[PDB]
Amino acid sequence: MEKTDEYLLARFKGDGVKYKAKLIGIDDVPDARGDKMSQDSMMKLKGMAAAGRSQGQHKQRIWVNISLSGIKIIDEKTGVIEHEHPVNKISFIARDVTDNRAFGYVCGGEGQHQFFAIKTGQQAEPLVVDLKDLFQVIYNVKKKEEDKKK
């Protein structure tokens, strides 16, 4: 129907939503945004993951957890939280037009950007959408609160 702020809040509250996936790789990037920049990284990383696969090396199996806390990359085997990126540290979400089961995002403070390339167990789109809605909700709430303080 309509994903209202309330629905979205209830969805990303606490543990939020969780997706099965694999970590294609991590790459240092020059800027916070950019389709081309993101594509170049994804391509380089997939190139590397491929070379690894031809030698019996597979991508780390993970859980991409999406919530108000941002993104948590969790190891599927140990349950160890490998990475955690607060919403205010994720600057760009990159769609991978060459793959229906891959996407990436840039995170880090200014001047220290990293591209996390992800291979989704299922389709990537529903995941990219969630992230979009998440950023959207966080945004709406903050905006209201502001108009209230004023």
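Just count from 1 along the sequence shown to find any residue number.
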Practice task
Between 20-28 and 136-144, name whichever shows the higher mean Cα B factor according to the PDB entry.
Solution key: 136-144
Practice task
Mind pulling up the entry and telling me whether 47-55 or 106-114 has the higher mean Cα temperature factor?
Solution key: 106-114
Handout entry: Third of the chain, ranked by Cα B-factor, where residue 101 sits
Key = lowest
Practice task
Report the third (lowest, middle or highest) to which the CA temperature factor of residue 33 belongs, ranking only the modelled residues of the same chain.
Solution key: highest
